[PDB]
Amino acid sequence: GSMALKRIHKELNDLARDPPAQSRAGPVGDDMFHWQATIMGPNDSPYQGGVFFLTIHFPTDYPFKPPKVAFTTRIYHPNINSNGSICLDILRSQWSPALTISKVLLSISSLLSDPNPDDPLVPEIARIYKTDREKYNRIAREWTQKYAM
């Protein structure tokens, strides 16, 4: 993972010099292939006021394979399940070696602001998001208060 390590250091230095507005990320300890990330809940969302933790594990052949990104903070969202898995195409079939962690974080923030109920990782929450939007907003606020604050 020599080439992977150089790109990971490059991304870490770029994040440190130009921090993205609502997200931060960096290695937990001395393992450069394992990062923690924190994302602030978007202001236009029921997740407002919450801080959401994520793990990022880079494969040894990064960036030619996508990083494994998962929430560790529980969250009520049709595209994020109880294992923290994120239904985001760029983390799966649409991964590209031109993508970066900062772009992944921005895309996750947009997913928090605008869920996709038509790609339901959690069908029950997508069902509620489609049929009862205020109920989704109430529960998402409740979970943010309980788990993300």
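Numbering starts at 1 and runs along the sequence shown.
- In this entry, 118-126 shows the higher mean Cα temperature factor of the pair 88-96 and 118-126.
- Taking the PDB entry as given, 40-48 carries the higher mean Cα B factor of the two stretches 101-109 and 40-48.
- Ranked by C-alpha B-factor against the other modelled residues of its chain, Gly29 falls in the highest third.
- Among the modelled residues of its chain, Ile139 has a C-alpha B-factor that falls in the highest third, as given in the PDB entry.
- Per-chain ranking of the deposited C-alpha B factor places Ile8 in the lowest third.
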